[PDB]
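Data first, discussion second: the structure below is written as structure tokens.
Put into structure tokens, the structure is as follows:
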């Protein structure tokens, strides 16, 4: 039946989101081993966490050109072996290496990982927006997207289960074993990755120029232009805050009160699991249960404006008030990222556009998102040192208000067939 396919994409999303966000759980493990007396250098950490997103855009452009050049049959398996191989290369960095060299190893692998994650990334959105042609398409997209929570959560659960498995060995003085853990965090993606590898297996310029002509004609009209503009902005703007935060959720929880060797790692994994269990994850399900009742915009407004509120509260109060209030707001924000703009910018970018031009607009929006993702991903930790976390949160707040303001450019997509609207638009003229 139709069911088995959407699960596989979810597991693909889970693996990407796992692979994407597991870096959030992996980065602190790298610090304790290779940089115990100081922290991970800012530019290298940004590049590493953006690396998957940078490779994610190069992946979706390269696996876009090859996918367009030689069809779907050419790209489907090769991306997963690429993230498996990139996972395996990433998973098996030499242990006797200098810290800076290990990081650069992982980034490049995470680019290729991102290139592989960049393959299947927009390709898991299209397959079910085309298929349904029914009012209940949004619940389905968010369900697969919610695996972004499970990827972040299971990565979070794997982390506490991993760390609590190494409990006694660490307390007895064998402090280097944490290096085994982060490979396990990444490597455990191989279980579904090979599981998925098993399951996945078990006139070129003339057309490109003609498609470019229709695309230019369509998005040269205001009521059509603004929707791509708002989609790019909303996705661009939220992925600034969303991946700024979710690739660095562990960094934010370290300014909040969650920061011996085991005690530290387990507490951070507890804050991560709390936030992702209580906020990041259920926010997808509050979105899941309300998109087809409340609408994408009001949730994006709320998501932007409330995550903006909580970003404004975080920005305003982070250096002045206690852990609990912040953790709630951060969980409220994470809740209102996924119960809001992070989820809706993914959905709205998929739903706005008639089929005849959808592929470019979503790729440009996702690229814009990855641009916003890589922008914050590329610079989140550098800005944190140059201007402070509160200032960045105000930026995320402003991007939420700009996300809020830019959200006005968008049409509501609940219950609308974009193809019948295009046909009636023309039969009227």
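Residue numbers (my numbering): 302 to 730.
Cβ atoms here follow ideal geometry from the backbone N, Cα and C, with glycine treated the same way.
Backbone CA spacing between residue i and residue j [nearest angstrom]
i, j, result
"residue 671", "residue 419", "10 Å"
"residue 502", "residue 378", "8 Å"
"residue 660", "residue 493", "28 Å"
"residue 544", "residue 335", "25 Å"
"residue 582", "residue 447", "7 Å"
"residue 337", "residue 551", "17 Å"
"residue 340", "residue 401", "12 Å"
"residue 677", "residue 375", "32 Å"
"residue 635", "residue 647", "15 Å"
"residue 729", "residue 719", "15 Å"
"residue 682", "residue 362", "26 Å"
"residue 562", "residue 460", "14 Å"
"residue 679", "residue 665", "19 Å"
"residue 727", "residue 449", "39 Å"
"residue 675", "residue 473", "41 Å"
"residue 625", "residue 303", "44 Å"
"residue 572", "residue 458", "11 Å"
"residue 701", "residue 641", "11 Å"
"residue 471", "residue 478", "7 Å"
"residue 529", "residue 657", "14 Å"
"residue 524", "residue 436", "23 Å"
"residue 510", "residue 365", "16 Å"
"residue 584", "residue 604", "10 Å"
"residue 476", "residue 526", "56 Å"
"residue 327", "residue 499", "26 Å"
"residue 533", "residue 512", "20 Å"
"residue 619", "residue 613", "10 Å"
"residue 684", "residue 546", "13 Å"
"residue 765", "residue 410", "Outside the displayed range of the chain (302 to 730) lies residue 765, so it cannot be described from this structure."
"residue 342", "residue 686", "10 Å"
"residue 467", "residue 393", "19 Å"
"residue 623", "residue 333", "26 Å"
"residue 508", "residue 370", "12 Å"
Beta-carbon proximity check, residue i vs residue j, cutoff 7 Å
i, j, result
"residue 412", "residue 352", "yes"
"residue 694", "residue 615", "yes"
"residue 596", "residue 515", "no"
"residue 322", "residue 453", "yes"
"residue 707", "residue 535", "yes"
"residue 601", "residue 645", "yes"
"residue 673", "residue 559", "no"
"residue 627", "residue 557", "yes"
"residue 358", "residue 668", "yes"
"residue 697", "residue 542", "yes"
"residue 388", "residue 490", "yes"
"residue 348", "residue 408", "yes"
"residue 606", "residue 705", "yes"
"residue 417", "residue 384", "yes"
"residue 731", "residue 690", "Nothing can be reported for residue 731: it is not among the residues displayed for the chain, which extend from 302 to 730."
"residue 313", "residue 430", "no"
"residue 590", "residue 451", "no"
"residue 488", "residue 415", "no"
"residue 440", "residue 593", "yes"
"residue 566", "residue 464", "yes"
"residue 445", "residue 649", "no"
"residue 484", "residue 404", "no"
"residue 482", "residue 330", "yes"
"residue 350", "residue 382", "no"
"residue 395", "residue 663", "no"
"residue 434", "residue 539", "no"
"residue 380", "residue 320", "no"
Run of the alpha helix (DSSP H) containing residue i, from where it starts to where it stops
i, result
"residue 450", "438-466"
"residue 325", "304-335"
"residue 351", "343-371"
"residue 393", "Unbroken run through residue 393: none, as it is neither H nor E."
"residue 644", "643-652"
"residue 637", "624-637"
"residue 671", "656-687"
"residue 693", "690-708"
"residue 721", "719-729"
message = Please give the ranges of any beta strand (DSSP E) in the stretch 397-433, keeping only runs that are unbroken, at least 3 residues long and fully inside the region.
response = Counting only runs of 3 or more, we get nothing.
task = May I have a chain-ordered list of the alpha helix (DSSP H) segments no shorter than 4 residues that lie completely inside the stretch 541-610?
result = Restricting attention to alpha helix (DSSP H) runs no shorter than 4 residues, the stretch 541-610 encloses them at 550-556, 562-575, 582-589 and 592-595, ordered along the chain.
Sequence ranges, alpha helix (DSSP H) only - wholly within the stretch 476-552, length at least 4 = Within the stretch 476-552, the runs of alpha helix (DSSP H) that reach at least 4 residues and sit entirely inside it are, in chain order, 479-488, 491-502, 505-519 and 523-547.
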